[PDB]
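Remarks on the structure that follows.
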Amino acid sequence: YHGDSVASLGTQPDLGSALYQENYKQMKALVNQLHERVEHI
Amino acid sequence: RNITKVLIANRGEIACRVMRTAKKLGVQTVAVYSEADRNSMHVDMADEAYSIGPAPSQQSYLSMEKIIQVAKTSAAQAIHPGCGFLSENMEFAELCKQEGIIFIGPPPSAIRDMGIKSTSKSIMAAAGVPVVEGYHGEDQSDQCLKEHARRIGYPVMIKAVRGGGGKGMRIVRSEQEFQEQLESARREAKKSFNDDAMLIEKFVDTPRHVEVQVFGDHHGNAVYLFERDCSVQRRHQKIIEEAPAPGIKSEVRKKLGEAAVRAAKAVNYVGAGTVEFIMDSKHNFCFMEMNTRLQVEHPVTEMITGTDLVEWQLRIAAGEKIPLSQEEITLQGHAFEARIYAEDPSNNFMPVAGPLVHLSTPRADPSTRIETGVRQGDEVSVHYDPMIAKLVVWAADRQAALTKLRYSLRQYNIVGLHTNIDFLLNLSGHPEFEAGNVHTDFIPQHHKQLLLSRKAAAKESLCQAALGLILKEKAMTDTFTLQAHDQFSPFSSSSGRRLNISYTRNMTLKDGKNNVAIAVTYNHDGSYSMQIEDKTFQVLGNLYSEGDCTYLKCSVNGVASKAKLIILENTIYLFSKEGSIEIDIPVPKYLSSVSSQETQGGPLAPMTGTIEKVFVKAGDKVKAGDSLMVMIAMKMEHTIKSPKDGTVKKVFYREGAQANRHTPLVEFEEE
Amino acid sequence: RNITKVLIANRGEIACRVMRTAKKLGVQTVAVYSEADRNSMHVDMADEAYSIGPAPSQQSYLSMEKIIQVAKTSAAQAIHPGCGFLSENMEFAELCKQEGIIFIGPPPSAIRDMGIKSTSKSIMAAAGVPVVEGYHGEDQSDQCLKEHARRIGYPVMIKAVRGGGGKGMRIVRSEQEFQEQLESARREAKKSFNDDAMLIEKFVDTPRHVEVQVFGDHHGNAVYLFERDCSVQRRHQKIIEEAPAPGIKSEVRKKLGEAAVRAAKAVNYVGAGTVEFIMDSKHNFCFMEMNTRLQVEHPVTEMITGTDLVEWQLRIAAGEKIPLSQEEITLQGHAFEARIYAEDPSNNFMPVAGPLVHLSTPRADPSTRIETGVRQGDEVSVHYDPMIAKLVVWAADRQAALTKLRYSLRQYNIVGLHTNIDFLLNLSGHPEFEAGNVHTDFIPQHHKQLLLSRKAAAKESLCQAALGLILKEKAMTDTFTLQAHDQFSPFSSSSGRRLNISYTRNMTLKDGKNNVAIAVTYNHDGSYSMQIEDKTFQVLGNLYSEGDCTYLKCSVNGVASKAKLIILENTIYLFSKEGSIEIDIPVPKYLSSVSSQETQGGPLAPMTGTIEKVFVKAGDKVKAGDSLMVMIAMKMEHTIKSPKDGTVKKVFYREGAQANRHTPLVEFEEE
Ligand SMILES: O=CCCCC[C@@H]1SC[C@@H]2NC(=O)N[C@@H]21
Ligand SMILES: O=CCCCC[C@@H]1SC[C@@H]2NC(=O)N[C@@H]21
């Protein structure tokens, strides 16, 4: 029997928060940098 | 003109309706769709489908340029506009003609001439059709206003030209009281609105919305198709339509249609038209307007005549003559149509958007027609009309048709959003509606009975709900057993058996606000003995599947019944021809997340709409019930009110901003 | 006479047709079959079935003794001959009568009297029906030949009695040129054939093959069923039939039938008969012949009258009177019939034998009737007729019926052999055919319009083909995943995903002789970006199954369409109502057998046929295009030609030998 309901992790982040906006911008730049370097390789 | 390919410049049920007839005739079908309609039933139904841009109809289905461009690119010879959107647009019908595309509808001249009330009345009066009506007057002389009040008779209502909410409004029962009531109304209007202009509108009575289906051709020959009663309306929205109209004699209707037919010949109207009449309690009728399109309620006419009006529209737009003579047309039986709206009748018939999580439907027979443009899992859209489906029935007698519709409505099941179905069940069972005593004020007059509160459930219903829960657990056990190597172990049974004693289970179910304690005993024979309070019930049943719907067959204390069972989230839905009952399964606290978050922010926008007014500064002390903002959505005013007595920390929107649904409007200081 | 059991002395669609009506009436059905028909649909459809010997019809379906023996052994009271075989055999109908078996057809006298043209014309002329015709003359006096030319009326054609290929044929436009042209034709005929006998056959006008369905009874009462246009014929073979014949007035047809009816009463014809007329451009008609059987094209008559002609044949053969009076018979709508042949129109309508690897069919409705005696996987036989099925439609208007047939033909799919379906689509869409301007020379006159070359495919079609191939690979991956223990591994997905880059696949597809390079990029969202040359397309779709046919639902650059997808061998078949496209998948060289046998020992016999001529000795030097042998197959002459300039090593066959299909005819010396 696997029908038991259970709790789940995670919470919705505050997309409007300045910290979230800054963190997203910085991480996105790193990912874009990673992608274009692989393209050259 | 050979119409081998048609573009349908519409969506939803009417697009599917047109495509069904086009395909029956061997005509190729072209759909158009917005980004929001990419997966709609009419897109999948067409032979070709083209994107016309984003979800807002002004940028998609109302974009004449895009529709003409798709008609050219698909090489469609004809455009069927359906109903609404571009169907009554004169510029679009002229543009189709300029581009050599057949508009399947009336000529641009007939659309124009009927689109202006004063023009349409003047043409109708000249054609013999009666022009009488009650209307407001823009002249403001006391003598002129008094002469007009006399013309429309007494009693009359004086109202202010500006403003709402009953301010500056006066009933005048006789000519002697007119002057005093006019001066009273003017003083109140001047005080409230700085305007003393008064209006004088008061038709003696407007009891019946009786309308005639008329059909014309390019040749100019014109025919009528009896009449339809659309008197049962809420805020001028038609709710139940019935053809033929009850209590109108065949002779009277024949005369009624003939006067309308002469007007139809006068404008040489081509394609289907509807002459709307106001009918009094003496069956005198007067022309109201002419809708220059196929009506929504055309299926009740089709069911009583055996005609396909869309098929006739395609043939006549191709240039063929009317298929049957007036002598050939015959009437058999009576028919009814109810419109399924995504509305909450208990909340003043507010439109509701959301998913169709369950959309079971009555089985369709020639008498029962489901005009559905939506399928289970479809989401109703804020951009488009809220109608879910239209149900029409034909019967030998009108009373039998009413019985069939009510049985059918019970079989229709809609879960995921509020609907008007229970309101339609109350309305179709109202004694005055059964008698055929209908008029345009029927819903306002009977509002008290047509809307009613929930009543406590019977103990038998609770027993059935508990049985359904137990059987669902048994089904889950069988599902687990399917994947196990030990397929036949006695442990996989759902007997709930014990050694030398009987297992009694304490279950709790919530009916409304009441918690019901049920003691269920698992019997050796497979039945269940349920005790609720001081009463004991012997319950036995099983689950069987018809189509995609699970059915519960149960017997309580020897009484056998069948019902449709759906268990979604923590609610048990039981659908039976007697009625529908919802039972709530209590949610354990530990799983309740045990995380209450007070009330951050203020009321979320009821929907996506422009902010029209802001009543709160960046730092303002407010008390519960203090209006914070006013928002207009699809032309419906909502005023946001203060949830708490806390001072306002900040405001997220300013006036003129468009706020998306459920977005925070105000920030309140933490206390 | 109580007919409770009927033997059907036929095969294929007509046997199934008769059995359907017999079973509807509660009559038991007996099939006969050859060894080649053991698994045929009519064998499985019958209540009993009996072997009548080997595949050649002369030793099976034409063996009167075997058919009578089976009728006796099965205790069948009646024999239904169907059409062809023994249906017009007088000796067989008399043998049935001698043996006390009911022949379901005309009496042996009517079969005889109609089987000889001179006898039939003399009876028809005596019955009032017109006898005029253009005929050849066996007298060879210059005066006699000239008198006959005048009676026929100029222009006339002089031809030699012996020989073919236009030799000895002179056209004569007037009486003054007759002598010179006759002497010219005689000198050429004497030089070419050693015979100076000339024929004199000309017909100034023979435009229409209009025929009347007539029904008679043992009582002698006779009725007609309007008329059918069979003018669209290739080599006299009827291709498209229609009822009623266009442009013939109801009054004219009534007169046309009445003159035929008098002849039918004159021979007291019992059972269905057809009076074939030649009709001129002025609608004057003359008797041509009477077919003493059910016609192949009887379904177009049934669709316009609502009658079952086989049901009437069974009732009348039992002795009952005609069911409906001439007054009772009424005509509604118009109907069309197209003969689906296993023929190659591009190769001069050569018959083709082979497997029905795919045989998808249009869904059948009362208007759409599929008269099919074959099922998917059935093999067309060299011994029997090449027809695959017959498609008939009924509509309110003739133009609508033509539209329905063309839409339906597209839904019909036949893979494994060549068919006339694309020729029927071109013919049914020809402007003169749409106008109803038909005559017996229509196909010869419009040959160029009706037969056309392949055109290069659009880039969207190539994108759809690539999408279908990718989806087939995905389906194969899912099939493999089904049998694996690691059911949910991400590797089982068909995402084609890479880390920090996008996967681009270089695919090559062949359209005709052109190789097309497609660069497919697997997007994260599941769509595909395809670049062909300088154009980029956004492609997304999926595979869904309707019945047994896989369908591809795709959208290219926002344009959505549905098509039937079949991937057989290295060809991708895409069937859409727009059309059908075939795309070839290149075959890797390694898989292709390297160094396949190169030498081919002479052209292989086109089919199994007698060798009529041998032009090569055991050792003879030949050049490409040198005729080696002449073979006759089913009365069709084929001349084998030298493939190479090599000297002939040996000959495997001599004159009069029967050579099986694809058997080596000549051996060439190795060089
Ligand atoms: O704008 C959309 C349609 C409903 C509102 C239009 C208002 S009704 C009062 C005024 N008179 C008109 O003819 N139009 C506007
Ligand atoms: O033999 C089978 C039927 C077709 C060929 C028969 C030929 S046609 C010329 C000659 N005249 C006849 O009546 N029969 C043969």
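Convention: chains lettered A, B, ... in structure tokens order; per-chain residue numbering from 1; ligands numbered from 1 as shown.
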Set the cut-off to 8 Å and count only C-alpha atoms: what are the residues of chain B that reach chain C? Output as a tab-separated table (two decimals) with N, CA, C and O atoms, in the first residue's frame.
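Full text of iface_39.tsv as output:
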chain	number	residue	atom	x	y	z
B	4	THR	N	-15.94	24.64	-51.77
B	4	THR	CA	-15.23	23.40	-51.43
B	4	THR	C	-14.38	23.53	-50.18
B	4	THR	O	-14.07	22.51	-49.56
B	25	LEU	N	-21.15	17.75	-45.52
B	25	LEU	CA	-21.33	18.15	-46.93
B	25	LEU	C	-20.09	17.90	-47.81
B	25	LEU	O	-20.15	18.19	-49.00
B	26	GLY	N	-18.99	17.39	-47.25
B	26	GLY	CA	-17.74	17.20	-47.97
B	26	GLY	C	-16.95	18.49	-48.23
B	26	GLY	O	-16.08	18.51	-49.10
B	27	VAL	N	-17.24	19.56	-47.49
B	27	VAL	CA	-16.53	20.85	-47.56
B	27	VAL	C	-15.34	20.82	-46.60
B	27	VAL	O	-15.51	20.52	-45.41
B	47	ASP	N	-9.60	20.55	-40.82
B	47	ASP	CA	-8.66	19.92	-41.75
B	47	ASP	C	-7.33	20.70	-41.81
B	47	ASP	O	-6.27	20.12	-41.99
B	48	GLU	N	-7.41	22.02	-41.61
B	48	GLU	CA	-6.27	22.93	-41.46
B	48	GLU	C	-6.55	23.93	-40.32
B	48	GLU	O	-7.69	24.32	-40.10
B	49	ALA	N	-5.51	24.39	-39.62
B	49	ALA	CA	-5.65	25.39	-38.57
B	49	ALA	C	-4.49	26.38	-38.56
B	49	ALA	O	-3.33	25.99	-38.67
B	50	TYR	N	-4.79	27.67	-38.38
B	50	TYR	CA	-3.80	28.75	-38.43
B	50	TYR	C	-3.83	29.64	-37.19
B	50	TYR	O	-4.90	30.07	-36.74
B	51	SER	N	-2.65	29.95	-36.66
B	51	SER	CA	-2.50	30.91	-35.57
B	51	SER	C	-2.78	32.33	-36.04
B	51	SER	O	-2.22	32.78	-37.04
Contacts of ligand 2, 10 Å or closer, only C-alpha atoms and all ligand atoms, given as a VMD selection string: chain C and resid 116 634 to 635
Interface, chain C side, toward chain A (12 Å; only C-alpha atoms) as a list in words: residues 498, 499, 500, 501, 502 and 503 of chain C
Straight-line distance linking CA of residue 254 (chain B) with CA of residue 333 (chain B), stated in Å to one decimal: 17.1 Å
Residue contacts of residue 629 (chain C) (6 Å, only C-alpha atoms) excluding same-chain residues fewer than 2 positions away, as a compact mmCIF listing (two decimals) with C-alpha atoms, in the first residue's frame:
# COMPACT_ATOMS: atom_id res chain seq x y z
CA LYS C 613 7.08 -16.04 -82.01
CA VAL C 614 10.86 -16.67 -81.57
CA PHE C 615 13.23 -14.44 -83.60
CA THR C 639 7.51 -8.23 -77.62
CA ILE C 640 10.73 -9.13 -75.68
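Coordinates place CA of residue 446 (chain C) at a distance of 25.7 Å from CA of residue 172 (chain C).
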Selection near residue 33 (chain C), 8 Å with only C-alpha atoms, sequence-local residues under 3 positions removed, as JSON, numbers by chain: {"C": [11, 36, 37, 38, 43, 49, 50, 51, 52, 53, 60, 61]}
DSSP strand (DSSP E) residues within region 97-270 of chain B, listed as a PyMOL selection string: chain B and resi 102-103+156-160+170-172+198-200+208-216+222-224+228-234+237-243
Can those selected residues be exported to a file as a compact mmCIF listing (two decimals), in the first residue's frame so that it contains N, CA and C atoms?
# COMPACT_ATOMS: atom_id res chain seq x y z
N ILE B 102 -16.36 34.79 -50.15
CA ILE B 102 -17.78 34.73 -49.83
C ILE B 102 -17.96 34.86 -48.31
N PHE B 103 -18.60 35.94 -47.86
CA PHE B 103 -19.07 36.05 -46.49
C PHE B 103 -20.37 35.25 -46.32
N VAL B 156 -44.94 56.57 -14.41
CA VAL B 156 -43.64 56.75 -15.04
C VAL B 156 -42.51 56.95 -14.04
N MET B 157 -41.30 56.61 -14.44
CA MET B 157 -40.13 56.82 -13.59
C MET B 157 -39.33 58.01 -14.12
N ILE B 158 -39.09 58.99 -13.26
CA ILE B 158 -38.11 60.06 -13.49
C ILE B 158 -36.77 59.57 -12.96
N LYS B 159 -35.69 59.71 -13.74
CA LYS B 159 -34.32 59.42 -13.30
C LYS B 159 -33.37 60.54 -13.69
N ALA B 160 -32.29 60.72 -12.93
CA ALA B 160 -31.18 61.55 -13.35
C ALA B 160 -30.42 60.93 -14.53
N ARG B 170 -37.51 59.01 -9.22
CA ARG B 170 -38.86 59.17 -8.65
C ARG B 170 -39.99 58.49 -9.41
N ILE B 171 -40.85 57.74 -8.72
CA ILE B 171 -42.01 57.14 -9.37
C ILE B 171 -43.11 58.19 -9.39
N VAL B 172 -43.73 58.37 -10.55
CA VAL B 172 -44.85 59.28 -10.75
C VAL B 172 -46.06 58.45 -11.16
N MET B 198 -32.80 65.30 -16.67
CA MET B 198 -33.68 64.19 -16.31
C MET B 198 -34.03 63.35 -17.53
N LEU B 199 -34.23 62.05 -17.30
CA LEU B 199 -34.60 61.15 -18.43
C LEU B 199 -36.04 60.68 -18.21
N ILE B 200 -36.73 60.31 -19.28
CA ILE B 200 -38.15 59.90 -19.14
C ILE B 200 -38.38 58.57 -19.87
N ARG B 208 -42.79 39.71 -22.92
CA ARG B 208 -42.18 38.56 -23.62
C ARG B 208 -41.09 38.82 -24.64
N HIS B 209 -40.01 38.06 -24.55
CA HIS B 209 -38.93 38.18 -25.52
C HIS B 209 -39.16 37.13 -26.60
N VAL B 210 -40.25 37.27 -27.36
CA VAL B 210 -40.56 36.26 -28.38
C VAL B 210 -39.87 36.64 -29.67
N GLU B 211 -39.16 35.72 -30.28
CA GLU B 211 -38.37 36.00 -31.47
C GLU B 211 -38.66 35.00 -32.58
N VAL B 212 -38.51 35.42 -33.84
CA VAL B 212 -38.79 34.57 -35.00
C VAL B 212 -37.51 34.33 -35.78
N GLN B 213 -37.21 33.05 -36.02
CA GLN B 213 -36.16 32.68 -36.96
C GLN B 213 -36.63 33.00 -38.38
N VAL B 214 -35.94 33.90 -39.08
CA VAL B 214 -36.32 34.13 -40.51
C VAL B 214 -35.13 33.77 -41.40
N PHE B 215 -35.40 33.25 -42.60
CA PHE B 215 -34.30 32.92 -43.55
C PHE B 215 -34.56 33.63 -44.89
N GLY B 216 -33.53 34.28 -45.43
CA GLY B 216 -33.66 34.94 -46.74
C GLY B 216 -32.64 34.40 -47.73
N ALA B 222 -38.21 34.96 -48.97
CA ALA B 222 -38.03 34.94 -47.50
C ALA B 222 -39.00 33.95 -46.83
N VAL B 223 -38.52 33.23 -45.81
CA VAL B 223 -39.38 32.25 -45.08
C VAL B 223 -39.18 32.45 -43.58
N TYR B 224 -40.15 32.01 -42.76
CA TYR B 224 -39.98 32.08 -41.29
C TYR B 224 -39.96 30.65 -40.72
N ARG B 228 -39.56 31.51 -30.96
CA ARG B 228 -38.87 30.98 -29.76
C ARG B 228 -39.13 31.90 -28.56
N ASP B 229 -39.38 31.32 -27.38
CA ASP B 229 -39.52 32.15 -26.15
C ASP B 229 -38.17 32.27 -25.44
N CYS B 230 -37.63 33.48 -25.35
CA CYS B 230 -36.37 33.74 -24.66
C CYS B 230 -36.60 34.65 -23.44
N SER B 231 -37.83 34.68 -22.90
CA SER B 231 -38.21 35.57 -21.80
C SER B 231 -37.42 35.31 -20.52
N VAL B 232 -36.99 34.07 -20.28
CA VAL B 232 -36.22 33.73 -19.08
C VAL B 232 -34.76 34.15 -19.26
N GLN B 233 -34.49 35.37 -18.80
CA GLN B 233 -33.19 36.03 -18.92
C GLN B 233 -32.75 36.66 -17.60
N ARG B 234 -31.44 36.69 -17.37
CA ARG B 234 -30.91 37.34 -16.17
C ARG B 234 -30.04 38.48 -16.64
N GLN B 237 -29.21 38.66 -20.27
CA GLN B 237 -28.58 37.43 -20.72
C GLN B 237 -29.62 36.30 -20.77
N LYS B 238 -29.89 35.74 -21.95
CA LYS B 238 -30.81 34.59 -22.13
C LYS B 238 -30.25 33.35 -21.40
N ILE B 239 -31.11 32.61 -20.69
CA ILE B 239 -30.71 31.48 -19.83
C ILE B 239 -31.38 30.16 -20.25
N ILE B 240 -32.70 30.19 -20.43
CA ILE B 240 -33.47 29.09 -21.01
C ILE B 240 -34.31 29.65 -22.16
N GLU B 241 -34.21 28.98 -23.29
CA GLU B 241 -34.98 29.26 -24.50
C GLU B 241 -35.86 28.06 -24.83
N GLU B 242 -37.05 28.33 -25.37
CA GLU B 242 -37.97 27.25 -25.72
C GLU B 242 -38.72 27.47 -27.03
N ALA B 243 -38.61 26.51 -27.95
CA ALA B 243 -39.34 26.60 -29.21
C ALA B 243 -40.28 25.41 -29.31
Residues of region 361-536 of chain B in helix (DSSP H, G or I), written as a JSON list (two decimals) with C-alpha atoms, in the first residue's frame:
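Writing done, so here's result06.json:
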[["chain", "number", "residue", "atom", "x", "y", "z"],
["B", 398, "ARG", "CA", -43.57, 20.29, -23.82],
["B", 399, "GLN", "CA", -44.12, 18.78, -20.35],
["B", 400, "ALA", "CA", -42.27, 15.58, -21.41],
["B", 401, "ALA", "CA", -39.41, 17.71, -22.82],
["B", 402, "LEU", "CA", -39.11, 19.56, -19.47],
["B", 403, "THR", "CA", -38.95, 16.19, -17.64],
["B", 404, "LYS", "CA", -36.25, 14.89, -20.03],
["B", 405, "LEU", "CA", -34.08, 18.04, -19.65],
["B", 406, "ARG", "CA", -34.17, 17.84, -15.82],
["B", 407, "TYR", "CA", -33.22, 14.12, -15.82],
["B", 408, "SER", "CA", -30.44, 14.94, -18.31],
["B", 409, "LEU", "CA", -29.14, 17.90, -16.27],
["B", 410, "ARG", "CA", -28.58, 15.59, -13.25],
["B", 411, "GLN", "CA", -26.41, 13.32, -15.48],
["B", 421, "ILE", "CA", -26.66, 23.90, -13.47],
["B", 422, "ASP", "CA", -28.37, 23.75, -10.03],
["B", 423, "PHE", "CA", -29.99, 27.15, -10.77],
["B", 424, "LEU", "CA", -31.29, 25.73, -14.11],
["B", 425, "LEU", "CA", -32.68, 22.67, -12.21],
["B", 426, "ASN", "CA", -34.53, 24.95, -9.74],
["B", 427, "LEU", "CA", -35.77, 27.21, -12.59],
["B", 428, "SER", "CA", -36.99, 24.35, -14.84],
["B", 431, "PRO", "CA", -44.40, 26.01, -10.89],
["B", 432, "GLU", "CA", -44.79, 29.23, -12.97],
["B", 433, "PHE", "CA", -42.16, 27.95, -15.48],
["B", 434, "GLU", "CA", -43.97, 24.55, -15.68],
["B", 435, "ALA", "CA", -47.24, 26.49, -16.36],
["B", 442, "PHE", "CA", -39.26, 36.04, -14.12],
["B", 443, "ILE", "CA", -35.77, 35.58, -12.54],
["B", 444, "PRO", "CA", -35.91, 38.87, -10.47],
["B", 445, "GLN", "CA", -39.51, 38.08, -9.36],
["B", 446, "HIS", "CA", -38.74, 34.46, -8.30],
["B", 447, "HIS", "CA", -35.14, 35.04, -7.11],
["B", 448, "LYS", "CA", -36.17, 33.93, -3.62],
["B", 449, "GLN", "CA", -37.01, 30.35, -4.59],
["B", 450, "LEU", "CA", -34.68, 29.84, -7.56],
["B", 459, "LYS", "CA", -27.50, 9.23, 7.26],
["B", 460, "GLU", "CA", -27.88, 6.95, 4.24],
["B", 461, "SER", "CA", -25.78, 9.37, 2.18],
["B", 462, "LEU", "CA", -23.07, 9.31, 4.86],
["B", 463, "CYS", "CA", -23.14, 5.51, 4.82],
["B", 464, "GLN", "CA", -22.74, 5.52, 1.04],
["B", 465, "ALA", "CA", -19.80, 7.93, 1.31],
["B", 466, "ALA", "CA", -18.09, 5.72, 3.89],
["B", 467, "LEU", "CA", -18.69, 2.68, 1.67],
["B", 468, "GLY", "CA", -17.14, 4.53, -1.27],
["B", 469, "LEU", "CA", -14.07, 5.43, 0.77],
["B", 470, "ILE", "CA", -13.67, 1.81, 1.90],
["B", 471, "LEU", "CA", -14.05, 0.53, -1.66],
["B", 472, "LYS", "CA", -11.47, 3.05, -2.89],
["B", 473, "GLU", "CA", -9.05, 1.69, -0.28],
["B", 474, "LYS", "CA", -9.84, -1.84, -1.50],
["B", 475, "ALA", "CA", -9.12, -0.80, -5.09],
["B", 476, "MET", "CA", -5.79, 0.68, -3.99],
["B", 477, "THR", "CA", -4.97, -2.61, -2.25],
["B", 478, "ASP", "CA", -5.75, -4.54, -5.44],
["B", 479, "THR", "CA", -3.59, -2.14, -7.45],
["B", 480, "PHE", "CA", -0.66, -2.79, -5.11],
["B", 481, "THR", "CA", -1.31, -6.54, -5.23],
["B", 482, "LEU", "CA", -1.09, -6.53, -9.03],
["B", 490, "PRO", "CA", -4.75, -13.76, 2.19],
["B", 491, "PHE", "CA", -3.16, -10.55, 3.51],
["B", 492, "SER", "CA", -4.01, -8.87, 0.20]]
Close residues, residue 280 (chain B) itself excluded, 10 Å, only C-alpha atoms, min 2 positions apart in chain, as a ChimeraX atom specification: /B:204-210,277-278,282-286,439
May I have the residues from that selection written out with N, CA, C and O atoms, as a compact mmCIF listing (two decimals), in the first residue's frame?
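And here is the file that came out, result_2.txt:
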# COMPACT_ATOMS: atom_id res chain seq x y z
N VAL B 204 -44.79 50.69 -20.69
CA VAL B 204 -45.85 50.19 -19.82
C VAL B 204 -45.46 48.79 -19.36
O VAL B 204 -45.34 48.54 -18.16
N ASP B 205 -45.27 47.87 -20.31
CA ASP B 205 -44.82 46.53 -19.95
C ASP B 205 -44.00 45.93 -21.08
O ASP B 205 -44.25 46.23 -22.25
N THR B 206 -43.04 45.08 -20.75
CA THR B 206 -42.29 44.38 -21.79
C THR B 206 -42.24 42.92 -21.38
O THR B 206 -41.17 42.39 -21.08
N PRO B 207 -43.40 42.25 -21.36
CA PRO B 207 -43.41 40.87 -20.85
C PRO B 207 -42.66 39.79 -21.61
O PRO B 207 -41.90 39.07 -20.99
N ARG B 208 -42.79 39.71 -22.92
CA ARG B 208 -42.18 38.56 -23.62
C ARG B 208 -41.09 38.82 -24.64
O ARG B 208 -41.23 39.67 -25.50
N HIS B 209 -40.01 38.06 -24.55
CA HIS B 209 -38.93 38.18 -25.52
C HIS B 209 -39.16 37.13 -26.60
O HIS B 209 -38.37 36.19 -26.74
N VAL B 210 -40.25 37.27 -27.36
CA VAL B 210 -40.56 36.26 -28.38
C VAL B 210 -39.87 36.64 -29.67
O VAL B 210 -40.00 37.77 -30.14
N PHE B 277 -39.28 40.31 -31.02
CA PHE B 277 -40.51 40.99 -30.65
C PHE B 277 -40.66 41.03 -29.13
O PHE B 277 -40.34 40.09 -28.40
N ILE B 278 -41.25 42.13 -28.66
CA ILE B 278 -41.84 42.19 -27.33
C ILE B 278 -43.32 41.84 -27.47
O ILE B 278 -44.02 42.46 -28.27
N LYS B 282 -51.73 39.99 -23.72
CA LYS B 282 -52.83 39.80 -24.68
C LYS B 282 -52.34 39.25 -26.03
O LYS B 282 -53.15 39.11 -26.94
N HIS B 283 -51.06 38.90 -26.13
CA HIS B 283 -50.38 38.47 -27.35
C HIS B 283 -50.34 39.52 -28.48
O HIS B 283 -50.17 39.16 -29.64
N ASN B 284 -50.47 40.81 -28.15
CA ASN B 284 -50.04 41.86 -29.06
C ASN B 284 -48.51 41.88 -29.06
O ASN B 284 -47.89 41.76 -28.01
N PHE B 285 -47.92 42.02 -30.24
CA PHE B 285 -46.47 42.01 -30.40
C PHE B 285 -46.00 43.25 -31.14
O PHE B 285 -46.66 43.74 -32.06
N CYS B 286 -44.82 43.72 -30.76
CA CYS B 286 -44.15 44.85 -31.37
C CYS B 286 -42.69 44.51 -31.63
O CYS B 286 -42.03 43.88 -30.80
N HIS B 439 -42.01 35.69 -18.35
CA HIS B 439 -41.82 37.09 -18.76
C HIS B 439 -40.38 37.51 -18.43
O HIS B 439 -39.67 36.80 -17.72
Spatial neighbours of residue 88 (chain C), max dist 10 Å, only C-alpha atoms, sep filter under 3 positions, as a ChimeraX atom specification: /C:81-85,91-93,105-106,108,110-112,114-115,291-294
Selection: 8 Å around residue 632 (chain B), only C-alpha atoms, excl. self and same-chain fewer than 5 positions, as a list in words: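 Using only C-alpha atoms, the neighbours found are residues 609, 610, 611, 612, 637 and 638 of chain B.
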Could you write out the selected residues, including C-alpha atoms, as a compact mmCIF listing (two decimals), in the first residue's frame?
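Full text of out.txt as output:
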# COMPACT_ATOMS: atom_id res chain seq x y z
CA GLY B 609 -8.11 44.47 -14.61
CA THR B 610 -7.16 48.19 -14.74
CA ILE B 611 -6.82 50.02 -11.37
CA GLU B 612 -9.40 52.85 -11.60
CA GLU B 637 -16.38 47.08 -10.89
CA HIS B 638 -14.74 45.52 -7.78
Computed interatomic separation between CA of residue 309 (chain B) and CA of residue 107 (chain B) (Å): 17.4 Å
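With only C-alpha atoms and all ligand atoms as the atoms that count, the residue of B:585, B:161, B:46, B:272 with the shortest distance to ligand 1 is B:161.
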